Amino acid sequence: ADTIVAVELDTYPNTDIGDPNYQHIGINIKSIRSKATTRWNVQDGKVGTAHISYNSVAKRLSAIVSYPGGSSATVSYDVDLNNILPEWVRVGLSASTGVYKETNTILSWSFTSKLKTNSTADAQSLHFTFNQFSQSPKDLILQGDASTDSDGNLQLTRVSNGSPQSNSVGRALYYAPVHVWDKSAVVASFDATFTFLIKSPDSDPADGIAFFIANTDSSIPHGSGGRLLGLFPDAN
């Protein structure tokens, strides 16, 4: 199975697999059962912004999600990612729906990775930004139902004509491998931002959006729909 480090924006409480009894932001380490969560309140149809950062000295993955004029929700978790992830990863977003549904629209996405080795190189770095998406994005690996629409949004899950579809899954990974640790490595860091638009006609949205880091050859696991956010093959 894949190796997954993820930040989930979780729109639908699944109490049987560890979700708290409310919508929440979470830190996922090799499991859908978040290691930490914070209460977060979806604002139907508004543009949200998520920020994720980490560095290998501090060893603390943090995430914060906000809406305009509104107070934010943040979460943190002490973790040494370099003992978890492989040296080379891909990064991405995913989203899913189940019996309940929502738009999982990404409006923009940026990422930065830095590796600083002893000698004293500013040793290797990657920064990408998208503030909209090309109708045919050649630098994105599109998985499952993910596509870009003609407003240049990235629609991670199916929408037929304003209307989000149930039991949909989709993921976009940046085309280049990222080098996240090395043998002669002194400090590695990353920071990602994405803005997103979650809308539902139902009183209850599902299932969420996640930012995630995985083995380079990660693909959507079998059985990963709805609650498992296209990240995991099961709920362990």
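Numbering starts at 1 and runs along the sequence shown.
For the two regions 209 to 217 and 17 to 25, the entry's Cα B-factors average higher over 17 to 25.
A summary of the deposited B-factors shows that, of 134 to 142 and 85 to 93, the stretch with the larger mean C-alpha value is 134 to 142. Taking the PDB entry at face value, the top CA B factor among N104, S150, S113, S76 belongs to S150. The maximum CA B-factor among the listed residues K30, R60, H51, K199, taken from the PDB record, is found at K199. Among the modelled residues of its chain, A36 has a C-alpha B-factor that falls in the lowest third according to the deposited record. Compared with the other modelled residues of the chain, the Cα B-factor recorded for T193 ranks in the lowest third. Per the PDB record, residue ranking by Cα B-factor puts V180 in the highest third of the chain. Remark: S66 belongs to the middle third of its chain, ranked by C-alpha B-factor as recorded. In the deposited entry, the Cα temperature factor of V7 sits in the bottom third of values across the chain's modelled residues.
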